[PDB]
Enquirer: 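The structure is given below, and queries will be raised subsequently.
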Amino acid sequence: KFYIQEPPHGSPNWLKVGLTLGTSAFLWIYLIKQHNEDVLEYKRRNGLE
Amino acid sequence: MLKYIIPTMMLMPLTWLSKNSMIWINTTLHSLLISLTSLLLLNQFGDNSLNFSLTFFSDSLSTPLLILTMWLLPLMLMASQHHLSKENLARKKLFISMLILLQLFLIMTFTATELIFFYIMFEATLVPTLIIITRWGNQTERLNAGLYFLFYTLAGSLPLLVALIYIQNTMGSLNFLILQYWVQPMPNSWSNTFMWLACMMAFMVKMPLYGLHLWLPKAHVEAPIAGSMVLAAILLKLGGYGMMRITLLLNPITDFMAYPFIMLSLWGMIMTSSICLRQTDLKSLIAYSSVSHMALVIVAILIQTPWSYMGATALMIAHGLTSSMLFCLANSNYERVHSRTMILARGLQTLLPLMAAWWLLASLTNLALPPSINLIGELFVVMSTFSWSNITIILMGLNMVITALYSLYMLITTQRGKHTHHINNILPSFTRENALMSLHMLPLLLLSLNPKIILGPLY
Amino acid sequence: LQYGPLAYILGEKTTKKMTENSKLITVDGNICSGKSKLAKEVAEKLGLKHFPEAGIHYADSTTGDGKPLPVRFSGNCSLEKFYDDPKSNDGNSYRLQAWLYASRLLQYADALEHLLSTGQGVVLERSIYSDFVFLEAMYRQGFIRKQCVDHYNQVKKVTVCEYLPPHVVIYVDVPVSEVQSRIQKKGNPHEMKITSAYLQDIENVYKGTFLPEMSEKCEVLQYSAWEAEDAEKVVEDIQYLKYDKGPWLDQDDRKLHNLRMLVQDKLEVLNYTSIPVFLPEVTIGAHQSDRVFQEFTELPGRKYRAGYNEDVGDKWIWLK
Amino acid sequence: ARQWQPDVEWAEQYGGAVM
Amino acid sequence: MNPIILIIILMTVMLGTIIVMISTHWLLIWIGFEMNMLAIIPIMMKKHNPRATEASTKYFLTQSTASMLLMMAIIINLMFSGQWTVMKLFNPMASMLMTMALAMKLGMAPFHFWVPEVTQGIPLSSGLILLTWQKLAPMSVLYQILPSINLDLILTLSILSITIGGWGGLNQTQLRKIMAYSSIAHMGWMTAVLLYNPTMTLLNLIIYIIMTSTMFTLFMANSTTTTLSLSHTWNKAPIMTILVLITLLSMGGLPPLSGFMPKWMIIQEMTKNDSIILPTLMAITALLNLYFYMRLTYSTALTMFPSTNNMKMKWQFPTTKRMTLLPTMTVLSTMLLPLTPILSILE
Amino acid sequence: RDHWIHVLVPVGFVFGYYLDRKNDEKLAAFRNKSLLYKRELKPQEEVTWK
Amino acid sequence: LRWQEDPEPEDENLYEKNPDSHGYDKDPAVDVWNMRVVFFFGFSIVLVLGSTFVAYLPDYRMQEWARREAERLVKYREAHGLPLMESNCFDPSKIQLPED
Amino acid sequence: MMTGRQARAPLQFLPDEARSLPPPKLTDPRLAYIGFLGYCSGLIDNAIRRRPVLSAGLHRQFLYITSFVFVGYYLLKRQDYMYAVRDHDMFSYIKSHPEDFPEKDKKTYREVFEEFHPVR
Ligand SMILES: CCCCCCCCCCCCCCCCCC(=O)OC[C@H](COP(=O)([O-])OC[C@H](O)COP(=O)([O-])OC[C@H](COC(=O)CCCCCCCCCCCCCCCCC)OC(=O)CCCCCCCCCCCCCCCCC)OC(=O)CCCCCCCCCCCCCCCCC
Ligand SMILES: CCCCCCCCCCCCCCCCCC(=O)OC[C@H](COP(=O)([O-])OCC[N+](C)(C)C)OC(=O)CCCCCCCCCCCCCCCCC
Ligand SMILES: CCCCCCCCCCCCCCCCCC(=O)OC[C@H](COP(=O)([O-])OCC[N+](C)(C)C)OC(=O)CCCCCCCCCCCCCCCCC
Ligand SMILES: CCCCCCCCCCCCCCCCCC(=O)OC[C@H](COP(=O)(O)OCCN)OC(=O)CCCCCCCCCCCCCCCCC
Ligand SMILES: Nc1ncnc2c1ncn2[C@@H]1O[C@H](COP(=O)(O)O)[C@@H](O)[C@H]1O
């Protein structure tokens with residue numbers, strides 16, 4: 001070891017890393033789904049397809 | 001202008017990701033590459049300005065100011081790397097980032113097509129300048145000087161904000177290209193009187209106007225060398241640029257509103273020049289000379305003739321190069337003797353002959369020696385003010401005596417006579433210092449060969 | 001963190017883990033009272049965690065690699081130079097005493113943190129309730145100034161009020177003659193320069209101020225130097241104490257939760273140790289502070305937060 | 001020669017009950 | 001305090017503000033203000049010293065006086081309209097009494113005289129609640145009664161708040177009184193544009209809450225209540241000096257920062273309505289707020305005041321304080337001006 | 001790349017230059033439509049300027 | 001006495017440890033590469049090629065054209081007996097006047 | 001100002017007619033600026049806890065960027081919607097009140113007389 005006391009952020013909180021990447025991936029796929037649904041709805045409502 | 005904004009922004013990761021021995025050399029190299037690219041702004045036309053987008057444009061007024069702005073950053077990096085050699089690495093990077101951020105505010109100050117974006121960048125230029133003066137200035141008075149520099153500018157400019165939004169509501173736009181074609185005559189009233197004052201007093205503070213100039217021999221004296229270079233070379237010229245943009249909207253009331261201010265400048269350039277005869281602080285002598293030279297630009301804008309605008313933009317570019325070189329020379333002595341007192345270190349031509357040649361050339365361009373662009377701007381403002389009134393030549397010519405007298409006395413006190421005996425740390429001139437002097441002076445003398453690029457929108 | 005309001009909500013009460021053995025015992029005495037074995041002896045009779053007396057490098061022991069730092073980074077003060085020149089011009093006396101008060105405050109925070117997180121009692125040596133006895137003994141000898149006493153009383157007034165006193169104070173009656181006898185038998189060339197009036201002032205502030213004010217807020221046990229040799233008598237006296245005084249009686253889960261939240265945040269413990277009173281014995285100017293701080297950042301394992309140092313071999317930093 | 005940084009006399013001006 | 005009791009009391013503070021925001025009956029408005037005060041009193045008495053009891057007593061007396069004047073305005077509205085809808089008032093006397101009551105609840109001048117005391121008497125987190133969350137309910141009631149608010153009264157309150165909050169902070173060394181006089185000046189700015197465009201009132205309120213929450217979060221993260229203890233921050237944590245630098249330059253309304261965003265827009269909505277002297281004198285008086293912000297930036301970031309020796313111990317510990325949303329609030333209080341036309345989401 | 005930092009400013013130039021050209025196609029309302037410069041399209045040509 | 005302060009450091013001489021110092025840095029390789037970067041990208045690139053660029057600008061603000069165009073117009077109206085410049089810039093037929 | 005327009009359908013963040021509008025692109029410069037604000041928030045979060053600023057917590061920095069882009073996309077949709085409602089109500093009011101908005105005769109400068117003011 002190097003430290004006399006174990007640091008609380010020595011090893012990664014793998015639950016927190018998994019929640020972070022899962023929430024981030026979910027937000028990106030929901031954002032792309034929202035944007036594709038919005039461009040489809042725009043092209044539907046304005047008759048430009 | 002986005003081909004100049006994005007490289008200036010990419011100087012931020014260029015200076016924060018460099019190796020610790022490399023953060024000066026990389027920024028100097030790539031800022032010189034940006035300044036080399038700055039010549040593509042010279043695509044100027046006899047009828048139209050170079051109108052890039054809805055946000056950015058450049059005529060022949062902003063183009064020399066932009067080339068001077070993008071040229072001054074490498075010279076500031078060269079000037080400010082010796083006295084910040086012992087500095088912490090992160091504070092050194094923060095200093096370079098403040099200079100980069102100031103250049104980034106300046107290049108879209110001069111190219112703002114719309115006047116409230118001009119105001120936002122024009123007042124965004126306070127924050128890096130204020131931080132540089134109050135953080136890397138040397139003496140105690142830098143905090144007070146930062147307060148004066150801040151609260152003269154904002155007290156002048158917050159009326160300008162209300163005035164510009166009023167023009168926005170009345171005319172519908174603050175596009176300078178639209179307001180070239182929708183400008184209405186501004187009739188005589190008290191409403192239009194305080195309209196004129198709210199449009200003009202912020203730039204009167206920035207020039208500075210005599211009587212409002214009290215921020216300048218503190219803020220240009222209590223600053224580090226890069227701060228003094230950018231203040232006296234660019235930041236005094238925001239006022240002249242703003243007046244040349246804003247007096248379009250202020251006609252015909254300017255034709256009698258200018259009469260007090262012209263007096264304040266025509267007498268002011270007599271007084272401040274005379275102050276340079278009796279200054280002990282060399283940096284303050286260069287500061288009051290800056291007030292004296294910018295008084296002519298105030299007069300030339302307020303008489304609004306073509307010869308006056310040509311001479312005023314020539315004199316702004318020429319004074320930028322000359323006063324920046326003079327501050328760098330005063331720093332070249334101050335890094336050796338650690339005092340700004342001019343009578344302290346005398347007879348320096350006996351010790352530094354090539355640097356005394358640089359002092360000689362800077363003082364000859366200071367006294368407007370022909371055919372330097374200093375003399376071209378000086379002479380054209382004299383021609384236009386002679387056409388304004390045939391008596392003003394007296395106040396011009398007496399100024400042109402005193403402008404000689406402090407320019408050579410500064411040369412005689414610092415460089416001539418018997419040297420000071422007890423001072424023995426006068427090192428030979430480093431290659432960096434003479435490089436800085438030559439990068440100030442050789443563009444200034446080459447512009448005498450082709451002055452038409454620094455003569456503005458109505459050449 | 002590890003402990004917070006959520007752990008208190010989710011059932012972690014500290015009176016659950018608070019047995020009869022959970023006693024905070026501070027062992028006090030003069031410079032060579034020999035109490036340090038006695039304290040350890042009590043900690044090996046009752047199963048208590050012993051804490052040694054905090055020197056200059058206690059905070060160095062708790063942080064980083066646990067090894068002592070150089071003296072310019074921690075302390076900026078020498079005990080041996082106080083032993084040599086107590087009236088020294090550089091202000092080393094009160095600077096050493098203020099750093100020792102900060103080190104004992106950090107030690108007392110670690111003591112309460114152990115006692116409230118584990119329920120194991122802690123033996124201390126000369127806690128923050130018995131630090132001023134050196135300060136007054138310096139001031140009665142003209143070693144510090146009255147401004148140093150006022151600064152110490154300010155820092156003590158805003159720091160010791162936040163905590164609870166010990167359960168048991170053990171004092172060791174040693175005369176000045178036996179102290180100097182054990183100093184001359186010790187062999188430290190600096191510590192033999194301690195005057196007799198200094199030790200006499202230490203013992204007078206002990207017997208005159210410290211124990212008369214601690215007999216109300218806790219239980220004093222005052223032994224002589226020969227009967228402190230028998231540990232089992234002292235431990236048998238401790239095991240038959242009827243705790244009836246001091247604010248350890250009125251401690252529910254809420255107050256001890258607040259105290260445990262205090263003692264686990266070390267910068268809030270050490271908050272008002274550096275109050276901006278500009279006293280020349282402790283004021284460090286800007287250039288020296290900048291120089292020593294930038295040097296402290298370059299120590300190994302000290303540039304970042306503890307789990308974020310490549311140079312001492314921390315892994316997975318991009319996922320932390 | 002080095003940069004002026006505030007002394008005790010400068011700092012105590014900001015440490016009163018009122019400015 | 002018990003954490004469960006703390007959570008229930010803070011949800012009751014929020015519930016009082018929500019019942020003010022969402023209700024259509026004046027009795028429920030008064031009930032939401034009563035619930036808000038009744039729950040926020042223990043948040044102010046969190047540490048149990050005589051200063052918090054004095055601050056809570058002064059806060060109780062001013063808010064109770066405002067609640068009684070509010071109910072008298074409601075009762076006079078019931079006289080002259082026979083109904084209870086939260087809308088314009090049907091009597092200028094009821095309008096004046098409700099404007100006085102809400103100016104007391106906001107602590108606008110000349111009813112400002114409780115704000116720098118109470119903020120000094122309470123901790124930094126409860127001062128954060130008082131200077132951010134306790135503005136939302138009275139500004140909502142002012143948002144809904146602006147057809148009946150007298151112009152001269154609310155503009156007199158606005159300019160008197162801006163001038164008194166300007167001159168008040170110039171003599172201060174305590175950070176909580178500085179934030180309180182900053183609060184008074186900013187509430188003057190918010191109500192000066194209320195009858196002209198209430199969207200810019202909502203803009204100024206949101207930008208103010210972001211900047212105030214940033215400054216109180218920095219003060220809690222460094223445990224600093226005076227100027228002279230904030231001046232030790234460069235030797236403890238040099239990033240926090242840059243953060244208080246950019247946030248204090250933003251609260252002064254210096255462009256290109258986000259706190260230039262409201263007041264500029266306020267001027268942009270006061271010149272459309274042909275008022276030129278009034279936003280000019282308001283903007284000139286804002287230089288006073290800028291001046292004591294610059295005083296704090298000189299004491300903290302741009303110079304280095306001398307530290308003590310015990311700071312070397314605090315170098316060996318990192319800040320374990322939960323700095324909740326502090327990078328987010330630092331970014332959103334400085335770099336938000338290029339997104340200035342986002343304000344239409346408040347329309 | 002051993003000298004990846006010496007392309008931050010030139011690529012930031014070119015990209016910026018690129019965006020300037022990309023802005024010109026958004027300001028192509030009056031391309032070949034001004035009274036001064038309107039003319040017939042020469043063969044093998046679709047726009048007058050890009 | 002006064003507080004714990006570092007004494008005033010001396011001003012350094014870059015020529016003592018390095019007699020070939022160009023003034024840029026105390027590391028000599030860094031110093032010489034800083035010199036070469038400043039002199040190449042400042043003088044060899046910006047000054048020389050910049051003066052070449054300014055010297056060969058494509059008729060900066062179209063003055064030369066305006067000479068040659070003037071050389072057209074005079075040559076058109078030396079022949080036709082027309083005056084070389086009218087005093088009226090705009091045709092008076094296409095100007096309505098305010099009557100009185 | 002528009003408080004009566006968004007009162008028949010209260011507390012709708014994006015109404016249904018907002019779907020008739022083209023959404024902001026995922027390469028919107030405003031949205032990329034909000035992503036840059038998220039990246040700066042990640043850097044300040046590494047700086048205040050004394051982490052390596054560019055290296056530590058790439059999941060955390062990426063969630064900062066993701067959260068600001070995600071919130072800012074809806075904020076830009078609402079911004080574009082409210083300026084669209086602003087112009088729609090403007091144009092319907094101009095169409096519904098021609099007595100207040102006359103078509104003004106644009107005179108040419110051959111008839112327009114302006115006073116000349118000489119600079120001398
Ligand atoms: C487009 C291509 C253009 C090519 C041609 C270049 C055009 C002019 C550029 C600048 C020329 C002067 C540069 C040297 C002066 C600064 C350094 C210095 O003092 O060195 C002394 C040193 C020799 O002295 P040393 O013994 O070794 O040590 C010095 C002693 O310790 C102590 O030294 P000292 O006191 O014994 O000696 C200093 C002495 C002191 O003498 C004076 O101070 C008296 C000067 C004023 C009265 C006389 C002139 C009055 C005006 C008439 C002349 C212009 C118009 C003529 C046309 C007819 C009339 C219209 O001055 C001189 O010897 C220089 C003579 C020329 C002076 C020019 C006027 C400066 C006065 C202030 C401004 C007035 C308006 C300027 C208009 C410029 C028009 C281009 O010279 C060198 O080592 C020369 C280095 C290389 C110079 C390169 C110049 C060009 C750089 C441009 C690069 C980029 C473009 C590419 C072209 C490259 C061409 C090669
Ligand atoms: C450097 C420090 C000094 C700075 C001086 C700055 C300029 C000096 C004068 C400023 C006056 C205020 C701004 C005027 C803006 C005019 C815009 C406009 O629409 O004008 C026409 C309008 C006219 O109103 P209107 O246009 O709405 O009316 C419709 C048109 N008519 C008139 C036909 C009915 O002017 C005004 O409304 C008032 C103008 C004067 C305002 C006087 C109040 C300010 C007092 C002086 C402040 C001086 C600086 C303060 C700081 C000093 C140092 C701390
Ligand atoms: C510009 C605003 C910002 C200012 C600072 C900018 C700094 C950054 C640097 C940018 C690049 C450089 C900018 C300035 C360039 C100016 C130079 C330039 O382009 O010149 C064009 C001028 C152009 O003149 P021209 O207009 O006649 O050129 C004709 C045009 N062409 C070439 C297309 C046919 O160049 C010359 O005049 C060159 C002539 C030959 C070289 C000089 C010979 C004479 C020298 C003196 C001889 C001795 C005489 C007696 C004196 C004795 C001693 C006292
Ligand atoms: C039209 C608009 C309608 C309304 C829109 C929404 C408006 C939202 C306004 C939010 C105001 C928040 C006020 C502060 C949070 C409330 C609770 C609180 O004060 O928590 C602080 C908490 C107390 O912990 P404690 O232990 O007591 O701290 C002392 C330390 N011994 O913990 C601490 O002390 C730790 C330090 C950090 C706490 C900072 C919390 C900041 C949260 C708010 C962020 C800003 C608001 C959101 C963004 C703008 C939205 C408009
Ligand atoms: N003012 C002081 N003078 C001498 N020693 C002190 C003082 N304050 C604390 N001490 C400590 O008390 C110790 C004496 O007890 P001991 O541990 O038995 O040597 C010293 O070695 C110091 O570590």
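The chains referred to below are lettered A, B, ... by the order of the sequence lines, with proteins before strands, and numbering in each begins at 1.
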Enquirer: Within the side chain of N171(E), is there an N or O that forms a donor-acceptor pair under 3.5 Å with the backbone of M19(D)?
Expert: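 Indeed, once roles are kept as given, a pair shorter than 3.5 Å links the two residues.
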Enquirer: If we define contacts as heavy-atom pairs under 4.5 Å, which of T227(E), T173(E), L228(E) has the most with chain D?
Expert: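 The candidate making the most pairs under 4.5 Å is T173(E).
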Enquirer: Has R2(D) got more than 12 heavy atoms of other residues, nucleotides or ligands less than 6.0 Å from its CZ?
Expert: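 Count over threshold, so yes.
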Enquirer: Which distance, rounded to the nearest 0.5 Å, do you find between the OH of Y14(D) and the CG of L230(E)?
Expert: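 It is 12.5 Å, given to the nearest 0.5 Å.
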Enquirer: Please indicate whether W167(E) has more than 12 foreign heavy atoms, meaning atoms of other residues, nucleotides or ligands, lying under 6.0 Å from its CH2.
Expert: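 Counting other residues, nucleotides and ligands, CH2 of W167(E) stays at 12 neighbours or fewer.
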Enquirer: Using a 4.5 Å heavy-atom cutoff, which residues in residues 183-192 of chain E come close to chain D?
Expert: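 Residues qualifying by a heavy atom under 4.5 Å from chain D are absent, so none.
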Enquirer: I'd like to check the side chain to side chain contact (heavy atoms under 4.5 Å, CB included) partners of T303(E); sequence neighbours left out, ordered by chain and number.
Expert: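 Listed in chain order: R142(B), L143(B), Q5(D), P6(D), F305(E).
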Enquirer: Counting only heavy atoms not in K47(E) (residues, nucleotides, ligands), do more than 12 fall under 6.0 Å from its NZ?
Expert: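 Not more than 12 within 6.0 Å, no.
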